[PDB]
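In: Coordinates for the following, if possible.
(2 chains, ligands or ions: 2)
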Amino acid sequence: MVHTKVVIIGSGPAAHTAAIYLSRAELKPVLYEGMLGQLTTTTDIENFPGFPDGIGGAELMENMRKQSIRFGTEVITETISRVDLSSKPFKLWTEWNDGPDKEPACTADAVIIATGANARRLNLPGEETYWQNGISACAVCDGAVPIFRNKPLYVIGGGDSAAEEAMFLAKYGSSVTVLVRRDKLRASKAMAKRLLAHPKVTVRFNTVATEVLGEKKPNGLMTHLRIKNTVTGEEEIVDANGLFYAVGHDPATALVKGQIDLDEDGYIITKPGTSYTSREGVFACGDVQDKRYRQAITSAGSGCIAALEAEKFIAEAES
Amino acid sequence: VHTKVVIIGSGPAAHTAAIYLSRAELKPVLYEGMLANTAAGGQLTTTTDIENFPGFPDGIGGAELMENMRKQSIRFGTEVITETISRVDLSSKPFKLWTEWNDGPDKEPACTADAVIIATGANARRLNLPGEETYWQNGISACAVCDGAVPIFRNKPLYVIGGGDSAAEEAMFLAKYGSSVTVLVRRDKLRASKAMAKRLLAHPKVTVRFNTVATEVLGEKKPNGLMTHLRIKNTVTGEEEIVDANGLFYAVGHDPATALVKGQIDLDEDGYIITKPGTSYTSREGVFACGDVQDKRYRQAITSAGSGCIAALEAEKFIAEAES
Ligand SMILES: Cc1cc2nc3c(=O)[nH]c(=O)nc-3n(C[C@H](O)[C@H](O)[C@H](O)COP(=O)(O)OP(=O)(O)OC[C@H]3O[C@@H](n4cnc5c(N)ncnc54)[C@H](O)[C@@H]3O)c2cc1C
Ligand SMILES: Cc1cc2nc3c(=O)[nH]c(=O)nc-3n(C[C@H](O)[C@H](O)[C@H](O)COP(=O)(O)OP(=O)(O)OC[C@H]3O[C@@H](n4cnc5c(N)ncnc54)[C@H](O)[C@@H]3O)c2cc1C
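Out: Numbering: from 1, shown residues only, chains lettered A, B, ... in the order given. Ligands and ions are numbered 1, 2, ... in the order given. The coordinates are given below.
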């Protein structure tokens, strides 16, 4: 709209819970969901409290969407291009309507950044066919799914996230193998000590996954993985029911890029347990600030925090 | 017996923590209590309809939400025992716990564990007025953010009890919906901050009535009868009066159920468990606290459920780094 109290950028649990609380407080919030959350790709969420029989990630975000629009959130399906966090009112620009001499599409006195932080994928051949049908990126979320229990599981990555998620997947899978592309695991020295000592995990140095094979049916599962030795070049097909990407994540902090303080890995720095960023007036909730948990129930919680602390900012600001 | 982690509580924090530990193939035991202190199930069981919980766009009853959250905990394998913890001994290597009425000076603990999660909640104080039981959640409430928007209070006279900052904060919040908001301070001057009192006395739709106490709650006499009148009493003269009131919101402080610890883990001035910000790490290594026991700024179920997951991951990480 032309002007509102608070504008929210995002479409995940943090962006919607903030919209729910902010709209129920009669504050008229506008939500920029984008021209398209990472939870929409998940097939079934079973670790969310209140849904004992599990819930599809697509309908969960649809429930949270209608719950936001119920209390009066102006949700416009447009992508934010640039943000001007320097003048008194924060200015926002739509994509394809950007530019140095264009009029902003929406301005507000406070903005919430809940743009998520997606896990990096490798875009292997067959990945699109078996994503969330055998391939995943969160060991805590999908590791307990029955399709991985007592089955061979494979992990991609050599960092600390790989070793941590590999030993976690050993609780369910019959065997866990980690495919580091180079030699000499990149992870910490102490965590690697317990990794190579764990019986149900084996690290395969100089190995890269080339393509994902599986069933070709409605909702086909993953059955085989084609791995390739990176020095000799001999490719082979091995049994694999689960492939977990364990490379780092990419926080969507592109819009700020200096306006708000960031950390070494790219996430938005916020006061712990709070949504207060380094610039007073803009708050950050969800995976943009969280790198240690990366859960929907935790992002939804921090989204409620960003809503309440924005209303305290707005209340103490007007006359 | 003996287990890896024991959880004390039955609220959203206690169950979300139990859900993640049970899905992680652990052996968590959840003690809902024998209707300990809010009955077994959490403080949400008293609320009639929760509309600000994400994932339920048409709202959900607090009773059914915690029952869904209960079966979701037992689904992944939590040993949920409906017994109340009386004493806890967090001095030896394994944490010892005793059931109520089975504590004894020299009795054997009912369950011991290497890590404990404290999600025992923090209930809002009630005044036990006459008619409160008849009109609780039918006109009476204790959270302005949760129930302030309910249609039965919109464009109606609302009353707030308390003189602290929580009173002034919740009173101005209720002004968004009610026709008029009146706050009943017991003594002769607001206990709140000078700046928070400034915005209170300046808000047009609120009026502060010093030296006034609510004595009785009046309303309809039907099965689901709403609140219609409130009997207030001037505390200097003693003259009682009956005024129109569709909503009564308690805004006195809260009571953390931190009685079992009482010194073992560090507490704050108001009684909440102090924890490292953004984490469930308490002052004693090995015990974690999630939910309203540590949260005094939000006091929401979605935030307690989130903090319960925080206590869940950091408890599972704590056990992993201990045996390996
Ligand atoms: C494969 C995978 C599986 C997962 N499974 C689970 C699970 O089972 N249970 C669970 O609890 N969690 C799960 N998660 C975590 C999930 O990502 C949570 O939803 C996440 O923690 C919530 O992040 P968020 O609240 O910050 O918003 P997000 O869910 O990350 O939403 C991101 C939104 O930001 C929008 N956006 C970004 N930039 C812009 C911009 N300039 N302009 C406009 N809009 C923008 C995008 O449109 C996008 O929709 C999974 C994650 C992945 C990657
Ligand atoms: C009238 C009212 C309305 C509310 N409405 C909403 C709403 O609409 N939406 C929302 O998100 N929040 C609402 N809340 C907030 C509500 O209190 C949340 O549930 C709370 O913030 C989170 O509770 P908790 O998980 O921290 O633990 P709690 O649920 O508060 O308590 C845990 C339970 O553990 C039990 N227990 C205590 N001690 C022991 C012991 N030794 N042994 C065994 N068991 C024990 C008790 O029965 C206790 O109830 C409302 C609160 C009130 C008072």
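
In: Pull up the residues of the stretch 101-250 of chain A that are close to chain B.
Out: A:140, A:144, A:167, A:168, A:171, A:172, A:194, A:197, A:198 (CB under 8 Å from any CB of the partner chain). All C-beta atoms are positioned from the backbone trio N, CA, C, and that covers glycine.

In: let's go with 7 Å and repeat that
Out: Contacts of the stretch 101-250 of chain A with chain B, taken as CB under 7 Å from any CB of the partner chain, map to A:144, A:171, A:194.

In: Those residues in helices, which ones?
Out: Counting by DSSP state H, the part of these found in helices is residue A:194.

In: What is the burial count for the closest residue to residue A:291 other than its chain neighbours?
Out: Distances taken as CB to CB, 6 or more residues apart in numbering or on different chains place residue A:267 nearest to residue A:291, at 5.4 Å, with adjacent residues excluded. Using other CB atoms under 10 Å in any protein chain shown, the number of residues around residue A:267 comes to 18.

In: Now do the same contact list for residue A:267.
Out: A:117, A:251, A:253, A:288, A:289, A:291 (CB atoms under 7 Å, 6 or more residues apart in numbering or on different chains).

In: so how far is chain B from it?
Out: Residue A:267 sits 13 Å away from chain B, going by CB to the nearest CB, to the nearest Å.

In: ok, now residue A:213?
Out: From residue A:213 to chain B the distance is 29 Å (CB to the nearest CB).

In: so that residue, which of the three states?
Out: Three-state call for residue A:213 (DSSP: H, G, I helix; E, B strand; the rest coil): strand.

In: Please, where are all the helices along chain A?
Out: Using DSSP H, the helices found in chain A span residues A:13-24, A:57-70, A:127-130, A:139-142, A:160-169, A:189-197, A:296-315.

In: any idea which of these is most buried?
Out: Most buried of the helices of chain A, by mean neighbour count (mean count of other CB atoms under 10 Å in any protein chain shown): helix A:13-24, with a mean of 31.

In: That one and ligand 2, any residue contact?
Out: No. Helix A:13-24 lies out of reach of ligand 2 by CB under 6 Å from any ligand atom, never closer than 9.4 Å.

In: Quick check: phi and psi on the residue nearest to residue A:291?
Out: In terms of degrees, to the nearest 10, the main-chain angles of residue A:267 are phi -70, psi 160.

In: What's the local residue count around the closest residue to residue A:98 other than its chain neighbours?
Out: Distances taken as CB to CB, 6+ apart put residue A:81 closest to residue A:98, at 4.0 Å, once the chain neighbours are dropped. Residues near residue A:81, counting by other CB under 10 Å, number 16.

In: these two touch, right, residue A:81 and residue A:95?
Out: Yes. Using CB atoms under 7 Å, residue A:81 is in contact with residue A:95, at 4.4 Å.

In: and the gap between the residue in the stretch 101-250 of chain A that ligand 1 sits nearest to and residue A:158?
Out: Relative to ligand 1, the nearest point of the stretch 101-250 of chain A is residue A:116 (1.9 Å; CB to the nearest ligand atom). Look at residue A:116 and residue A:158: by CB to CB, to the nearest Å, they are 25 Å apart.

In: what's the answer for residue A:264, then?
Out: Using CB to CB, residue A:264 is found at 19 Å from residue A:158.

In: the more surrounded of the two?
Out: When residue A:264 and residue A:158 are compared for neighbours, residue A:158 comes out ahead with 23 against 6, by other CB under 10 Å.

In: Return the residues in contact with the more buried one.
Out: Counting by CB under 7 Å, 6+ apart, residue A:158 touches A:180, A:181, A:182, A:185, A:186, A:187.

In: Tell me which of the contacts of residue A:267 fall in strands.
Out: If you go by DSSP state E, the contacts of residue A:267 have A:117, A:251 in strands.

In: Scan the contacts of residue A:267 and report the most crowded one.
Out: Neighbour counts for the contacts of residue A:267 peak at residue A:288, which has 31 neighbours (criterion: other CB under 10 Å).

In: Which two of the contacts of residue A:267 have the greatest separation?
Out: Taking CB to CB, the two most distant members of the contacts of residue A:267 are A:253 and A:291; they sit 11.7 Å apart.

In: ok, back up a step: distance to residue A:216 for the helices of chain A - can I get that in CSV?
Out: Formatted as CSV, these follow (distance: least, CB to CB, whole Å):
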stretch, distance to residue A:216
helix A:13-24, 33
helix A:57-70, 22
helix A:127-130, 8
helix A:139-142, 21
helix A:160-169, 26
helix A:189-197, 35
helix A:296-315, 30
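
In: which residues does residue A:90 bridge with?
Out: Beta-bridge partners of residue A:90, counted by DSSP bridges, are residue A:108.

In: Could you report the neighbour count for it?
Out: 21.

In: residues contacting it?
Out: With CB under 7 Å, 6+ apart, residue A:90 has these contacts: A:83, A:84, A:107, A:108, A:111.

In: What subset of those is buried?
Out: Listed as buried from the contacts of residue A:90 are A:83, A:107, A:108, A:111; burial here means 16 or more other CB atoms under 10 Å in any protein chain shown.

In: how close does the closest residue to the first one other than its chain neighbours sit to residue A:99?
Out: Setting aside the residues directly before and after it, residue A:83 is nearest to residue A:255 in space (CB to CB, 6+ apart), at 4.8 Å. As defined by CB to CB, residue A:255 lies at a distance of 15 Å from residue A:99.

In: sorry, back to before: closest one to residue A:315 out of the contacts of residue A:267, please.
Out: The closest of the contacts of residue A:267 to residue A:315 turns out to be residue A:289 (CB to CB; 23.1 Å).

In: Pretty sure the closest one sits against residue A:270.
Out: Yes. Under the criterion of CB under 7 Å, residue A:289 makes contact with residue A:270 at 4.6 Å.

In: before we move on, back to that, let's have the buried ones among the contacts of residue A:90 in CSV, adding distance to ligand 2.
Out: As requested, these are exported to CSV (distance: CB to the nearest ligand atom, whole Å):
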residue, distance to ligand 2
A:83, 31
A:107, 31
A:108, 26
A:111, 24
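
In: Contact partners for residue A:256?
Out: With CB under 7 Å, 6+ apart, residue A:256 has these contacts: residue A:83.

In: Can you give me every residue that contacts the residue of the stretch 101-250 of chain A closest to ligand 1?
Out: Going by CB under 7 Å, 6+ apart, residue A:116 touches A:10, A:12, A:37, A:38, A:252, A:286, A:287, A:288.

In: Leaving out sequence neighbours, find the closest residue to the last one.
Out: Read that as residue A:288. residue A:268 (4.9 Å).

In: what bridges to the one you found?
Out: Beta-bridge partners recorded for residue A:268 (DSSP bridges): residue A:262.

In: my guess is it meets residue A:262, correct?
Out: Yes. In this structure, residue A:268 is within contact of residue A:262 by CB under 7 Å, at 6.2 Å.
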